[PDB]
Every structure is written in structure tokens, then in C-alpha cells.
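Report on the structure
Here's the letter readout for the chains.
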Amino acid sequence: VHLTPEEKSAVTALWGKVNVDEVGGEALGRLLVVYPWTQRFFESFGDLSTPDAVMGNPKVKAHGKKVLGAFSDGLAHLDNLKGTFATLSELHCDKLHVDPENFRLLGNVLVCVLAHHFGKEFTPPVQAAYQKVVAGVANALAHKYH
Amino acid sequence: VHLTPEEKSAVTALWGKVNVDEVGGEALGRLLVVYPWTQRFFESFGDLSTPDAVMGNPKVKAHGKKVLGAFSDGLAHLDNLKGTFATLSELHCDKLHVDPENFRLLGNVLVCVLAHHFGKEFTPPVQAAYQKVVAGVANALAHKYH
Amino acid sequence: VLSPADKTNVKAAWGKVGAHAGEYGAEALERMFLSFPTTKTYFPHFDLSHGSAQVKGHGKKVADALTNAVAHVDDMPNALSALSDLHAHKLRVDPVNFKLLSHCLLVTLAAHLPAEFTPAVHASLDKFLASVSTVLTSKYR
Amino acid sequence: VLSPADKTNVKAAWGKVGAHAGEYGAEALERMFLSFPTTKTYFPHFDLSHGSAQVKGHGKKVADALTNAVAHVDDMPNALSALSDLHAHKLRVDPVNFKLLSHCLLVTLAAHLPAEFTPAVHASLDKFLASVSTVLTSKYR
Ligand code: HEM
Ligand code: HEM
Ligand code: HEM
Ligand code: HEM
Ligand SMILES: *Cc1ccc(OC)c(OCc2ccccn2)c1
Ligand SMILES: *Cc1ccc(OC)c(OCc2ccccn2)c1
Ligand SMILES: COc1ccc(C)cc1OCc1ccccn1
Ligand SMILES: COc1ccc(C)cc1OCc1ccccn1
């Protein structure tokens, strides 16, 4: 994605403050609660019967760290998302068969989590930068069709 | 862009029977009637106030012939839809900013129109083959968005 | 949201479909399974071969649920609560699949109604199916 | 379709906005304009600079419409008919733009109401904005 030098700096600055052990699980848990049909993909994670069970589910939190990890990787290779997410793209498109519209949903839930955690610090321009970032990641994961 | 040798044949055989002067205008007209917001991009076309106005609009009909021509183009270069639609992708994405979900709508509306013209001859396998073509064209047009 | 005219169009068109509704629901399912094979993952226990009696039988159920929706077009959430429970709370069908089935049903009507599948009817039916899809993908208990 | 709990959730969270209506509405629009520039084409004549008084004025109209929709959560088509006339009949706004503004509204609520913006409430608000968007993009008059 084409981030502005200013944007790139603001994005990296905020990300450095993200709790890598919790943010991904919070975003994934919210995806499952806000867009409930997504729970179908994670039925092997156990109890996802209510919002509290989803948010408190150990496997959701553990898996969320891996998802946050992939987002960090994307942040480090904004220049070539397509190639960075090639393996994940094949997984989600061929193995998982997740409709691409869902990738955009997780990216936007992640943005809501950043806003929730950083409050006023997640300014409109900072959000605009992150929106390019997550659209890039979503676009990179949907390339197996694209 | 799959298209088993047999699907490619099926698609080719059906297209040869497609009325070049009208099918494109029926597809665009039905898009304008079924998904009314699409009318926003065609204000210079004239009266689109009622389904009869829309379906009989001479500009819609004239313009649809070009739309159908582009689909013909894709069918004639099924293995390189991205190149075939590059110019149009830039026109629709960067200049008109048409949201890409609408390319999918038009493609499916075109399928409805083919089914409407061919009846029983538009069999589920013939349709499966055309769904690949229209998904391919829409993806090709949304490419600038990649 | 359907207008008063959409409602008249839906009742009139479904009326024209008449006794063929079951057949059309079965063909819409067949078309969907062939065109978008990932939808088949929702029916692992079904015989899904062309002409399968199980698909013909399930198409009649889908058609009867739609006939019911047409008859309660003013309050579909109430009328389809059991089906919403099934698709949204139990099966968790991704809404994209409802778009696929709605499209296959419109393709089926188009192939069968060359004299009655007018642009206005097509428009009203498309919204009606978007309306049913919203109810079946929402948890509102 | 909203569950009883969704309505409860929505009225409780939005009731917290109160006199912040204008400010939050403006912030949501600014976030949208900046994050998804294609949406500015619907306001070609507006002064959209940061802090614009035009956007601040428009943002209060939008939030108060949401306030009115929350009050009439069980009867939205009737309550928002004038807004539907505007967005679906006159402006012809593409439904995708409603998802963008809805997302910017949720981002704005999350940045300001951390305690209130729980997963459950976030879910109810998202569905509510989707309900609102369906009414404003439908022609039912
Ligand atoms: C757009 C951002 C996304 C990113 C960055 C992401 C990242 C990942 C990663 C890192 C893995 C682990 C890969 C591995 O272990 O080899 C994974 C697995 C998985 N993802 Fe995603 N994902 C995305 C979106 C989604 C969405 C939207 C869905 C479903 C609605 C989904 C469903 C899955 C499933 C079910 C697995 C396998 C989990 C398991 O059972 O182990 N992902 N994803
Ligand atoms: C997926 C199928 C689509 C194809 C193949 C297609 C094809 C075309 C073609 C060939 C042109 C003529 C270009 C020229 O003469 O320079 C064009 C123009 C245009 N298309 Fe499309 N188009 C598609 C979808 C859409 C959709 C979904 C919309 C908007 C809802 C749209 C809106 C327009 C507009 C506004 C123009 C310019 C019209 C004018 O001259 O005023 N197109 N399209
Ligand atoms: C207009 C949309 C739809 C309508 C009206 C509808 C209607 C029905 C009805 C009447 C049933 C049977 C309930 C019973 O047994 O009494 C059913 C079951 C079911 N539907 Fe749907 N459905 C719709 C869309 C879909 C979609 C798009 C999917 C997924 C691709 C789906 C998956 C299922 C499954 C998996 C069952 C249970 C089948 C079984 O194992 O017996 N449905 N549906
Ligand atoms: C939750 C969804 C929305 C709400 C509740 C909402 C509500 C409103 C209201 C109350 C008006 C003000 C009319 C007045 O001055 O009295 C308005 C006008 C307008 N809205 Fe929306 N709106 C929504 C979404 C959108 C979206 C997504 C767009 C476009 C991206 C849009 C474009 C417009 C424009 C163009 C006007 C007219 C502005 C002008 O020329 O003065 N609206 N909206
Ligand atoms: C009445 C109605 C119900 C559900 C919709 O979307 C889920 C809806 O959107 C507007 C629309 C849908 C399909 C065709 C044309 N408009 C309307
Ligand atoms: C109640 C309701 C109204 C409108 C919808 O879509 C236009 C709708 O879809 C289901 C949903 C939307 C958003 C989040 C979770 N579910 C439901
Ligand atoms: C699950 O969602 C849907 C299912 C069937 C239909 C016909 C529309 C749906 O959503 C409305 C829609 C989808 C695409 C474009 C315009 N409107
Ligand atoms: C105009 O449509 C919408 C407007 C606002 C919102 C919050 C959702 C909408 O659509 C529902 C939706 C969109 C994407 C994925 C799941 N559900």
C-alpha cells in the first residue's frame, strides 16, 4: 500500500504500543461476536455460545496472537503485501473457503479495537493510514481469486 | 478462470446466439431497475424514472451494445481477462469510482438476461460456466482496486 | 424494505409460479450447487447428484417457506422465526450464500417465465429475497 | 433484524452520546471523508476541510437523525421515510457508502465510549446501523 512518510511514521508509532498478547484475540473475538456467522469457521475452538464465552475462549485468544502476528508482518512489508500473504491467501481461499468480504470485516473490527484502546490518540488521519493498511492486507489475502 | 474444454465450448455455442444489439442494453436496463442507486452514474442518459423509461431509453440501449462488446472481448480472451479489461478497470475505478460490488451485480443480471432469452437451453451446467466468466470479468474490472 | 407495489408484484409473480414453486426451488438449489460448489459444504449428508430425490424434496421445503413469506410479507421476522433460528443460530450460514441462492432462484424464474419475468417483477423479487435473507441471517430471539 | 437485547443495547449506548451528537457526527464524517475519499463526491459543494462549520452543521443533522431512529427502532421505515426519500430517491447513494459511514460511526463511538463499547454493544450497534442503512437505500414509498 502507498502510505505517506508521515502516515507510515504514525502507524508504526501507534503499533509499537499495541499489546501483542491481547489485541489480536480481542479483534478476532469481536469478529465472531459482531458477525456471528464467522463462528462457523472456528467451531473446533470449543465454546463460542455467547459473547462472554467467545471473548473468554483460550483458543480464540491464542489464535488471535497469530493473526496479530500476520498483521505486523504486513506492516513490515507494506511494499509487497501480495507476496507476503501468498501462503495465507491459499490457506484462506482453498483450504478454508472464506468469502473475501470477511477479510475486510476483520480488518475493520481491528480498526475498531485500536480506536477502543487508544481513544483520541487514534485520530482521523491515523485511522486513514490504518484503513490503507488493512485494505492492503485484505486485498492480499483475496488474491487466490482476487 | 477454469472453463473445462467442454464449458468453453458450451459458452461459445451459447454466445453465438446472443443478440449483439439488444442483450447488452437489457442487462444494463435491468441493473438500473433492480439496483436503483446505479442510476446515479447515468444522469446524462435521460429519463430513467420508470422501468418502461429505463428499458426503452435509447442511450441505455446504445451504451449497452458497448458493454456487451466488452463481454464478447472477455470471452475471446478468457485466459487474459485482466489485460483485456485494464482500460475499462481504470475508467470505472479511477475515473468513475464505481464500487466493485456493482460489477458483480451487472454480471449476475447479465446471467438472468441470458436465462430469460434461452429458457431451458440455459442449463445449470451452461450457467455454471457463465458464472466463471462473469466472476472473471468483475474481478478483472476491480483490478485497479488491487 | 418493500413498497406497496413490490408487495403486489411479489404476490402476483409467486402466484404465476403457482404449483411449480417446489420444482423451481429444487432447480435453484441444483443451480447453486453446480455454480458455487463451496455451498455444498453445508449439505454433506445429502445426495447432491443431478436429479437427486433428496434435493427435489428439500426444494419443496424452501419453496413452501417462501410461499409462507409471501403470505406474511408485512411481518416476515415473526413468520420466519423458526427458520432464522435454524440458519442464523444453528447453522451459521454466511450471508454470501443467501446472495448465491437468491441469484440462482432469479435465474430459475427467468429460465421458466419468459412471459412474466418483467424488469419490475425481477426488481421486486430481488428485494423480497434480500429481505428474507436478512431475516434468516439475523439472530433476533 | 434486531433482538430485544439489541434495542436495549442500542438505546443505552446512543443515549450516552447525548449533547455530543453534533461533535461525534462531525467526527464520523471527517473520518469517513479522510479514510474513504471517494465518499467526498457526494458533497462536491461542501467545505470539507478539518474543522469546517459546514461538516459540523451536517454532522449534527446526521446524529439527531440517528437519535430519532433509535427512538423509533421498531418502526423505522415510517420514521425515516423522509430520509429514505432523500438518500434512495433523490441522492441515489450506493449502499457501500453506508457501510463506510457506519464503520466510521463505530470507530467514533469506540474512541469516546470505551466502557460502553463492549463486544455485545458493538454487535448491536453494527446491526442497528445496517437496519438504518437498509431503510435509507430502499425505495418503499
Ligand atoms: C484479513 C485478516 C486475516 C489474517 C491476517 C488472518 C491470519 C491467519 C493466520 C496467521 C492464520 C494461521 C495460519 C497458520 O497457522 O498457518 C489463520 C488461520 C485461520 N483463519 Fe485467518 N486471517 C484473516 C482472516 C480470516 C477470516 C475473516 C476468517 C473467517 C471469517 C478466517 C479464518 C481462519 C481459520 C478458520 C483459520 C484456521 C484456524 C485453526 O483452526 O487453526 N481468517 N488466519
Ligand atoms: C461488469 C461490466 C461492466 C462492463 C463490461 C462495462 C463496460 C463499459 C464500457 C465498454 C464502457 C464504454 C467505455 C467507453 O466507451 O470509453 C463503460 C462505460 C461506463 N460504465 Fe461500465 N461497464 C461495466 C459495469 C459498470 C457498472 C456496474 C457501472 C455503474 C453502476 C458502470 C458505469 C459506467 C459509466 C458511468 C460509464 C460511462 C458512461 C458515459 O459515457 O457517460 N459500468 N462501461
Ligand atoms: C431464501 C433462502 C432460504 C430459505 C427460504 C431456506 C429455507 C429452508 C428450509 C424450509 C429448510 C428446512 C427446515 C426444515 O427442515 O423444516 C432449510 C434447511 C436448511 N438450509 Fe436453508 N433456506 C435458505 C437458504 C439457505 C442457504 C443459502 C443455505 C446455505 C448454502 C442453507 C442451508 C440449509 C441447511 C444446511 C438446512 C438443513 C438441511 C438438512 O440437513 O436437513 N439454506 N432451509
Ligand atoms: C446512518 C446513515 C445516514 C444517516 C442517518 C444520514 C442522515 C442524513 C440527514 C439527517 C441529512 C440532512 C438533511 C438536512 O439538512 O436536513 C442527510 C443529507 C445528506 N446525506 Fe446522509 N445520512 C446517512 C448516510 C449517508 C451516506 C452514506 C451518504 C453518502 C456517502 C450520505 C449523503 C448525504 C448527502 C449528499 C446529503 C445531502 C447533503 C447536502 O447537499 O446538503 N448520507 N443525511
Ligand atoms: C427491503 C430490503 C430488505 C433488505 C435489503 O438488503 C439486505 C434491501 O436493500 C436494498 C435493495 C436490495 C436488493 C435490490 C435492491 N435494493 C432492501
Ligand atoms: C437486523 C438487520 C438489518 C439489516 C441487515 O443487513 C442490511 C442485517 O444483516 C445481518 C447483520 C448485519 C450487521 C452485523 C451483523 N449481522 C440485520
Ligand atoms: C444475504 O444477503 C442477501 C441475500 C440475497 C439477496 C437477493 C440480497 C442480499 O443482500 C442485499 C444485496 C446484496 C448485493 C447487492 C445489493 N443488495
Ligand atoms: C448498506 O449496508 C450496510 C450499512 C451499514 C452496516 C453497518 C452494514 C450494512 O450491510 C450489512 C453487512 C455488510 C457487510 C457484511 C455483513 N453485513
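Residues numbered from 1 in each chain as written, not as in the entry; some residues may be left out. Chains lettered and ligands numbered in written order. Heavy atoms only, no water.

Looking at the PDB entry, one finds chain C named Hemoglobin subunit alpha and attributed to Homo sapiens. According to the record, the entry carries the title "Crystal Structure of liganded hemoglobin in complex with a potent antisickling agent, INN-298". Here is the UniProt Sequence similarities comment for chain C, exactly as written: "Belongs to the globin family." (UniProt positions renumbered as here; feature names shortened; annotations may be inferred.)

The PDB entry lists chain A under the name Hemoglobin subunit beta, with Homo sapiens given as the organism. Looking at chain A in UniProt, the text filed under Subunit is "Heterotetramer of two alpha chains and two beta chains in adult hemoglobin A (HbA). Heterotetramer of two zeta chains and two beta chains in hemoglobin Portland-2, detected in fetuses and neonates with homozygous alpha-thalassemia." Quoted verbatim from the Sequence similarities field of UniProt, the annotation for chain A is "Belongs to the globin family."

What follows concerns the overall build of chain C. Within chain C, the regular secondary structure consists of seven helices and zero strands. Walking chain C from its N terminus toward its C terminus, one meets helices and strands in the order α-α-α-α-α-α-α. For chain C, the C-alpha radius of gyration of 14 Å lies close to 14 Å, the compact-globule estimate for 141 residues. Judged by the C-alpha coordinates and their principal axes, chain C covers about 40 × 40 × 25 Å. Residues counted as buried form 53% of the 141 residues belonging to chain C. Taking the intrachain contacts of chain C between residues at least 6 apart in sequence as the baseline, contacts between residues at least 24 apart amount to 78%. Of the accessible surface of chain C, which amounts to about 6200 Å², a share of 61% is contributed by carbon and sulfur atoms. Averaging the locations of the 14 positively and 12 negatively charged side chains of chain C gives two centres separated by 5 Å. (Helix = DSSP H or I, 4+ residues; strand = E, 2+ residues; numbered from the N terminus. Rg over C-alpha atoms; globule rule 2.2 N^0.38 Å. Buried < 20%, exposed > 50% of the residue type's maximum accessible area, 1.4 Å probe, protein only. Contact = heavy atoms within 4.5 Å. Areas by Shrake-Rupley, 256 points an atom, 1.4 Å probe, with all protein chains shown as cover. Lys, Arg positive; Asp, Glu negative; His and termini not counted. Charge placed at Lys NZ, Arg CZ, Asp CG, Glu CD.)

All names here are of chain B. Taken together, 17 residues surround ligand 2, and among them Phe41, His63, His92, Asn102 and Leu141 come closest. For ligand 2, a nitrogen atom lies 2.8 Å from a polar atom in the side chain of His92. Taken together, the elements giving at least two residues each to the shell around ligand 2 come down to α4 (58-75), α6 (86-95) and α7 (101-118). Looking at which element gives the most residues to the shell around ligand 2, the answer is α4, with four residues. Taken together, the residues of the shell around ligand 2 sort by class into 12 nonpolar, four polar and one charged. (Near = heavy atom within 4 Å. Polar contact = N/O pair within 3.5 Å; in protein donor to acceptor, adjacent residues only side chain to side chain. Nonpolar A, V, L, I, M, F, W, Y, C, P; charged D, E, K, R; others polar.)

With an axial shift of 0.1 Å and an RMSD of 0.5 Å, the rotation relating chain D to chain C amounts to 180 degrees. Considering both components of the superposition, the chain copies are consistent with a two-fold axis. Closest approach to the rotation axis among the C-alpha atoms of chain D is made by D:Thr134, whose C-alpha sits 5.0 Å away. Most of the interface of chain D is mirrored in chain C: 100% of its interface residues are interface residues there too. (Least-squares fit on C-alpha atoms.)

On to the UniProt feature "binding site: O2" in chain C. Residue and element names in this part refer to chain C. When the UniProt feature table is mapped onto this chain, "binding site: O2" is found at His58. Following the sequence through the fold, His58 ends up in helix α3 (residues 53-71). The contacts of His58, once residues within four sequence positions are left out, are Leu29, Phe43 and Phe46.

Moving on, we come to the coordination of the iron atom of ligand 4. Here the protein supplies the iron atom of ligand 4 with just one donor, D:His87 (NE2), and that contact is 2.1 Å long. In this structure, D:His87 sits in helix α5 (residues 81-90). (Donors = N, O, S within 2.8 Å, 3.2 Å for Na, K, Ca; no water.)

Of the residues lining the interface, 21 residues belong to chain A; the matching set on chain D comes to 21 residues. The tally of links from chain A across to chain D stands at zero salt bridges. Between chain A and chain D we count nine residue pairs in polar contact in total. Within the residue set of the side of chain A that touches chain D, elements represented by two or more residues are α2 (23-34), α3 (51-56), α7 (101-118) and α8 (124-141) of chain A. (Salt bridge = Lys/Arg side-chain N within 4 Å of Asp/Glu carboxyl O.)

Residues and elements named next belong to chain A. UniProt feature "binding site: (2R)-2,3-bisphosphoglycerate": in the numbering of this structure it lies at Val1, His2, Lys82 and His143. Along the chain, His2 falls in the segment before α1 (5-15). Taking relative accessible area as the criterion, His2 reaches 68% and is therefore assigned exposed. The contact partners of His2, leaving out residues within four places of it in the chain, are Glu7 and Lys132. Given the relative accessible area of 25%, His143 is considered partly exposed. Ignoring anything within four residues of it in the chain, the contact list for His143 reads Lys82 and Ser89.

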